[PDB]
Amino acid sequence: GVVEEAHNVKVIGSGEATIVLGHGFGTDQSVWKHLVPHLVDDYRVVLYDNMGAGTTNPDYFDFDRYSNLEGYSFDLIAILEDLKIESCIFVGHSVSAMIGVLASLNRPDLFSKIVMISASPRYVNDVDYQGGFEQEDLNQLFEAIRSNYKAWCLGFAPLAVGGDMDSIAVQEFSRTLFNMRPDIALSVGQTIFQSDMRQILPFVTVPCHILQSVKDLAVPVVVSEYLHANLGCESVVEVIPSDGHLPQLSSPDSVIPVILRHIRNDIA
């Protein structure tokens, strides 16, 4: 099937409920490697790659469809409908948290809960808003991608991953970052970094679990509180004593149990 092939959809596990795992920018479904073994005995698990990931065909990257995050939300809904999944627990890493939120606004019937990892509705600082970046910071990041994509990946991956600069996770993310076609990485990086999901948070009706590393290059802790305060749904926050934007990959021993607690248990 076109949908399953385009997004490298993999369906594994067995159980009454279905968990769908959505990855962030610069990585792919392999980011879930340490989580999947803890899910397969109890749940059906769906893994897929975002269009534009290095593992996807650059010829299918539709610039108009992906000019807003809603294009990725429609792909996620297309995957659920293709597999006849009527309800899932959705775990969204980084940009996928907002993709999940937008998909739940279009189709709240398809989601019983959203577990967010490293989420942000806005990265740029605003009047009464700390996002973590000034426009100048992003401008330098985009110029580095234009100037030398290979050197930008090598320098960015250790900062995004956090921890020891020579870890397996740093090596894995450097590799998936550099597998992206340079012009798509720039295009997508700009669309994400320039997004603003703040206005729609009060209309969310699916319960949200907001998880993040206490030290995350792109997500100040205050963003977790901003999401909790503005999401119109029931929500819970858990700030994890970890370093890194992909903590499920880089510190699984301390992070995986937190993610499992929010997948396995519901907000009272």
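Basically, rigid core = biggest C-alpha set you can superpose within 1.5 Å across the two forms. Residue positions are given as counts along the sequence shown, with the first one as 1.
Choosing between 10-18 and 243-251, the greater Cα displacement from the shown form in 7 other deposited structures of this protein, fitted by the core, goes with 10-18.
When the C-alpha B-factors of 161-169 and 81-89 are averaged, 161-169 comes out higher. According to the PDB record, 180-188 carries the higher mean C-alpha B-factor of the two stretches 109-117 and 180-188. When the modelled residues of the chain are ordered by C-alpha B-factor, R65 sits in the middle third.
For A97, the recorded CA temperature factor ranks within the lowest third of the chain's modelled residues.
In the deposited entry, the Cα temperature factor of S224 sits in the bottom third of values across the chain's modelled residues. In the PDB entry, a CA B factor belonging to the lowest third of its chain's modelled residues is recorded for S104. Among all modelled residues in this chain, the alpha-carbon of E238 has a temperature factor (C-alpha) in the middle third.
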